[PDB]
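Here is the structure we will look at.
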There are 4 protein chains.
Amino acid sequence: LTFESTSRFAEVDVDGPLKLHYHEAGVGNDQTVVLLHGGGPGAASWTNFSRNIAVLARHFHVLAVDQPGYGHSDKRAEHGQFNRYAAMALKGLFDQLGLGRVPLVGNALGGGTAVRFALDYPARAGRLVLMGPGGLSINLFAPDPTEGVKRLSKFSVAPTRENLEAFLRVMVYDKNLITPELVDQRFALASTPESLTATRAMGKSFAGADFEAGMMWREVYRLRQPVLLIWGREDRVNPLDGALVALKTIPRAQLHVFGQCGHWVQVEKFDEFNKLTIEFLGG
Amino acid sequence: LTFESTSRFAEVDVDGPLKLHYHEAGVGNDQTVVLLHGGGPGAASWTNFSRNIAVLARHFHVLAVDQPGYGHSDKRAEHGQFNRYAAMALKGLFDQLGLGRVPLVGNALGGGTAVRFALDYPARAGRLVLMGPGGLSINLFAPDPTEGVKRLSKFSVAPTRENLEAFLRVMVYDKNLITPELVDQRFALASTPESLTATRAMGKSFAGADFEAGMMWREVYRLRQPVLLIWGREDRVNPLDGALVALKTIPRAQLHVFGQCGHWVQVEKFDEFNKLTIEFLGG
Amino acid sequence: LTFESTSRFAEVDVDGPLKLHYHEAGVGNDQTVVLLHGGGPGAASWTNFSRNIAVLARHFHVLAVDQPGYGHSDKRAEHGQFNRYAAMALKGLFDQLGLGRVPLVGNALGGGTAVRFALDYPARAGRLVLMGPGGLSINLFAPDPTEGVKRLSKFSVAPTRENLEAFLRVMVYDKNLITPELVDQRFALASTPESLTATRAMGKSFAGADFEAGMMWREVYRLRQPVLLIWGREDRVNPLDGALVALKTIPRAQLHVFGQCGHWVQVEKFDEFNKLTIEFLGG
Amino acid sequence: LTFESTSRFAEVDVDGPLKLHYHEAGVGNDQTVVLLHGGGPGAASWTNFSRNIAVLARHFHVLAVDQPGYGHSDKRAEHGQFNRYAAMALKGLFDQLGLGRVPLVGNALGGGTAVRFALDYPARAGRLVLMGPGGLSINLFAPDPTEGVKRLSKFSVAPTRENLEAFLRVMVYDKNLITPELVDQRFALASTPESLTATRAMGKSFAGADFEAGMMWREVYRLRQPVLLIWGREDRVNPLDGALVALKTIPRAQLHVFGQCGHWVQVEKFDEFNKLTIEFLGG
């Protein structure tokens, strides 16, 4: 499996043509699973889910989608509440690929999109696996914006290598994972004109009139499916206290917390994460 | 596997001869695992771990031990802090069976004993799997005694079928699990003279000068092994808020919470519990 | 000040004539304050706020209102979401007494009514003082129904002195406060035909289609006024973990927790409670 | 009252002569109260408690002490667990001034010293008022070091105005409070050779063999006096989740949380803080 062998594109309608790039693996496997990556500026499906796609592809038909504004998907200069926007694009994709009710795996921003999709199109979403998810989290104890959020904001206003490194360093428990190569790689992608446009778009969406759609903790009591919340104990972006409302109010919720693990669960605990996900999704 | 085929007895020294009854299964499997049951008056290894021993025995050499004062182990009329006492007996057993460093699975009271053992004899305890454990839990939000604890206390003072049923009913989420047969069975065992003696002994131990040994939340930051905490979201004996100090302070801790599950995790979520335990213990 | 000297009645419109009994004290004091009592079956303004009305009346114009279904207010056999219903009655009273924007002090059920009123008629509610309030609380850790709620339910199905005593005993930290006289007094009021009707009405309202109105934790982020949450650490009806969503989401929120204090804050910590309330309400 | 009019010095014995600078006010008032300031590098009694000393001095005999390593107290290049060290110095002062059992008000680092003193010399400590205290706090949800702690660490390694400003900005909710004048003032004091020595001393103490003395959350269940914990909801140094073990385990504990308030409670909510403290200390 390679970036190129799995690469796919699709055009869907979200207030007009919207191009989506995604990776497909495990064709032939009966149960399709959709992965939605995290929200760092230089993040994408392939890099986010490197330690995972090949593994999950052994059991499922994997569709790893680049969310609008990331990777090789369209990067519009404007949009509404981001999760609702990305949800609309996923719906377009689902319809185009003839998918019915499919399970979703999403981390951080991508978890927020998974949930918004599950609420907006309740019939199309199966079991959910959510790693340090945004949107349904509400930080009962941590002052907002968190360190992780603030660091992303700083890079958004001052796109320097120094600021990106500082940001990345609060993504993980083992800061040794933030190597010069990783920093340089993410920075090349995060600082392109298009990524900056995406960032400026994200910023302006924050102050829209549809902010309620992002406050998903008020709604998840409506979800009828099994939901596996997965958290790194040392998550500094969406901290562990953010798990509580969702654990309490989602009827068929479960929670797994890994000690010695940060915001990037799929990386720092890739083996443990892969195994939980396979078992959960009935594979 | 039957109660009889697996039954074993051992005499160990805890301030003198102390008889221990236990169940052995999976002989021939390389990795030994010790299970320590919960603390209801009519509880024992065989009934506590019915949905589990045969399964785990497929992967491990299972020793399910009746804790002093329960099942067919000696039921003394007096002893110190219970967990420290039961720990001493386990040490005697370990030494007698030539066991070295072995993983421990313990629920409720039995989890408290697993931990006390891991702290008192740090070299002899491997990975720990703890389901709604006592001792290392401190209920940060729930007033003590909890409903579950209070109900056990009531039966201890008034040993009637009515009181035992009320107690059992707060052990599970699905109260339908508390059938007349289950109630009658537990009551026959819980109301024998010896079980009453055990209960009276437990009560008097509470007010000993060694109470600190029971406050294990002050010590678990010393544990060096991986520890899997498992909780039922609706646990009414040792509630979920009791997990927090241990999750935070145990370096290699993990936590799994099951929604729609009470204090009896191994029963209400036996399949999910069995699978977590097997994977965790490297089997 | 006596029950009789302060007694007042008013007829308001809530889907037709609805009689409200209330107590008025401190006439002449410039700032009016409305108190809303707790929800025990034999509860009322006078008994709920005995250690408080005379004190607060020294600083404010006190209107202690019996909520519909309690004390000497109408006790209808049917109504919708209770808090929304009681809110409508308070609005009727406000309008009739020419009140404008007034602060509200409410405990337990009465706190839930204060909040529902503040959300439904945002202009008419000033600062809020809420003691172990229902409605805006969501018990993130305690399994529901709590012991306190369950005990009230038991009395509702089996209205015996024994059951009421058991209920009352989980209202306080110092169980010595539950004297035979208190038990007999509350029982005489709680077991009248009208109180039973009120109870049966409350029960049926629980399963109405307007249940969302009771889930006030989803809405309190809309409140613009200062709100003082007051909790007994050992509250066994609406436990301390229920405070968290409201503390986090109410912009001008404050929280005070008293150790060694149960659900009846105004009783067990009457002096401390009185003083916090006076200072808070700017008196 | 001025810095100069209230200035006092004392020589006490802590492994030899140790000079302590402090401020005395309200002489003639019967009840003495000791204040222990926070731990920012340029922090001291006078600046920490500016909005408070004159006020409290109206009701009490105020002794605001500069903790060793701060203000005008000795700044040694080496010492053990800081709180235990500062406690020893306070004991020396108490003895020298003929003080008996006196209440203590301490914020942040100074709260940790108040507690260590109360545990080490149980007879000499009366009621405690603790604002965002260190030592007895254990951050159950926030990854450590917190943003606040990390920012102080950065300044300790790179003592620039930029780094101090960033640090100060996470001390308050209203960042407008961090004016250029405040930044310049604190920086002049924080960057002196002696303050750097103090900082280097603090750093080396962290890795001493007496680290347990700093883990005061394991001990506060021994405190017999009333203790008022006060927290800013948006505290980014010692966050609100740090309050929980102490609230639960201190028998006569109380907690007050102010929304829209950071780590500097005595500044951002000086009026509310002053009033709580006066009432609590029985004045």
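For chain A, we keep the numbers from Swiss-Prot: what you see runs 7-289, in order.
The deposited model was determined using X-ray crystallography, 1.8 Å.
Yeah, the Cβs are placed from backbone N, Cα and C, and that goes for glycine too.
Annotated features, as they stand in Swiss-Prot:
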- A:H269: active site, proton acceptor (ACT_SITE)
- A:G45, A:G46, A:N54, A:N113, A:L115, A:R192, A:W270: substrate binding site (BINDING)
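Within 10 Å of the C-beta of A:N54 (substrate binding site) we count 26 further C-beta atoms, all protein chains included. Here the Cα atom of A:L115 (substrate binding site) is found 11 Å from that of A:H269 (active site, proton acceptor). Cα spacing between A:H269 (active site, proton acceptor) and A:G46 (substrate binding site): 11 Å, rounded to the nearest whole number.
Other Cβ atoms within 10 Å of the Cβ of A:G45 (substrate binding site), summed over all protein chains shown, number 22. What surrounds the substrate site, by Cβ distance within 8 Å of the Cβ centroid and not counting A:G45, A:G46, A:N54, A:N113, A:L115, A:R192, A:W270, is the set A:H43, A:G44, A:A49, A:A114, A:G116, A:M177, A:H269 from the same chain. A:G46 (substrate binding site) counts 25 other C-beta atoms within 10 Å of its own C-beta, drawing on all protein chains shown.
By the criterion of other Cβ atoms within 10 Å of the residue's own Cβ, the least surrounded of the recorded positions A:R192, A:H269 is A:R192.
Long-range C-beta contacts of A:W270 (substrate binding site), restricted to its own chain and to partners at least six residues apart, with a cutoff below 8 Å, comprise A:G44, A:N113, A:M177, A:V178, A:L183, A:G238. Each of the binding-site residues A:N113, A:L115 was scored by the other Cβ atoms within 10 Å of its Cβ; the lowest score goes to A:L115. Taking every pair among A:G45, A:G46, A:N54, A:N113, A:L115, A:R192, A:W270, the residues recorded as binding substrate, the greatest CA to CA distance is 18 Å.
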